[PDB]
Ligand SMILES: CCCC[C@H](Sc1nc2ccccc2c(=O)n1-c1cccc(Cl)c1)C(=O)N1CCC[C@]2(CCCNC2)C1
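So this first bit is one chain, no partners, the form solved without this ligand, shown in structure tokens.
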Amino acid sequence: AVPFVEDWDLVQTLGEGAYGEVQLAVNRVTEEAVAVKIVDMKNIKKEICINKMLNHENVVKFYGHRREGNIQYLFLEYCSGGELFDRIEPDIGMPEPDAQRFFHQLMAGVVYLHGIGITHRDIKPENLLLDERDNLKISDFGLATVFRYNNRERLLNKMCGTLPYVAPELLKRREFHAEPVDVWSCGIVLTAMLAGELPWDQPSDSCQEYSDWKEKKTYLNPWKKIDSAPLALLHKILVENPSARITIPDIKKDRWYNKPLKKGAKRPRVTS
């Protein structure tokens, strides 16, 4: 019953796009920050529906929405760290330990989503945000859909995603399982974090870069910059046949995935 507590000031645009804009909003009274997605209306109702069933530390939180005419307002968790995209150095990537930690968190979020029958369908660095403690959070469920309901799996057929990150079966088959597709895009994200470049414009035999990969020419630019341990994992994720592709439970058993590399975030320290 505190006056003004429901007032939010839009401080700045966090990002724009065909679906509208996302702005940083600060509470007039508490100064708490949240991200407000503004949709001009003229998918959205489905996005809200999907967001309402999400609750995980590696998934951007949904606080609520307000119709107010033809402009939908989505109140979402503000991730002060920005996009994972900006943590990747062009043609370099990032330190392996950091990439491993981010990959661990990405897997946690994906395991959660798949557990409740939801597939993201557009996993990429631009959609992976970081909070104040660099914790990764999966965002933007505008392309997400239910692939399992009442314990029955529904095969997908809709062409969704972003070419460099899309699995080859989405371009070669009429129908396909949802989960291996998200696993594949996570592998491309791992490649990007470790090499600072995408392997191919798209996973097609017509694409020379892709053909080279299937021929195991790992001495080529992308893969040459990646250590043997994480590369062995990528060899299991970027497998053309989705039925032979490694699943998440098995990714969790992979040698590199479990290799001690990253230390704590530090905080104390004083001698004598």
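From 1 onward, residues are counted along the sequence shown. Heads up, when I say rigid core I mean the largest set of C-alphas that superpose within 1.5 Å between the two forms.
Put simply, when the other structures in 5 other deposited structures of this protein are lined up on the rigid core, the C-alpha atoms of 67-75 lie farther off than those of the other stretch, from 67-75 and 138-146. Notably, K42 is an intermittent gap: at least a third of the other compared entries of this protein, restricted to those modelling both its neighbours, have no coordinates for it. For the segment pair 22-30 and 225-233, the entry gives 22-30 the higher mean B-factor, averaged over Cα atoms. Note on 170-178 vs 187-195: mean CA B-factor is higher in 170-178. If you compare the C-alpha temperature factors of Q72, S80, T119, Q105 in the entry, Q72 comes out highest.
Set against one another, the Cα B-factors of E57, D212, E240, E68 in the record reach their highest point at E68. In the PDB entry, a CA B factor belonging to the middle third of its chain's modelled residues is recorded for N51. In the deposited entry, the Cα temperature factor of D134 sits in the top third of values across the chain's modelled residues.
When the CA B factors of the chain's modelled residues are split into thirds, the value for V146 lands in the middle one. When the modelled residues of the chain are ordered by C-alpha B-factor, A99 sits in the lowest third.
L163: CA B factor lies in the lowest third for its chain, per the PDB record.
Absent from the display: the form solved in complex with this ligand. The rest refers to it.
Taking the partner from elsewhere, every residue among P90, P125 and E209 has a non-hydrogen atom within 4.5 angstroms of this ligand in the deposited complex. Although the partner is absent here, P199 is a contact residue: one of its heavy atoms lies within 4.5 angstroms of this ligand in the deposited complex. Although the partner is absent here, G117 is not a contact residue: none of its heavy atoms lies within 4.5 angstroms of this ligand in the deposited complex. Taking the partner from elsewhere, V166 is found to have every heavy atom lying beyond 4.5 Å of this ligand in the deposited complex. In the deposited complex, none of the heavy atoms of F176 sits within 4.5 Å of a heavy atom of this ligand. The stretch in contact with this ligand in the deposited complex, judged by heavy atoms within 4.5 Å, is 82-90, chosen from 99-107, 82-90, 145-153, 166-174.
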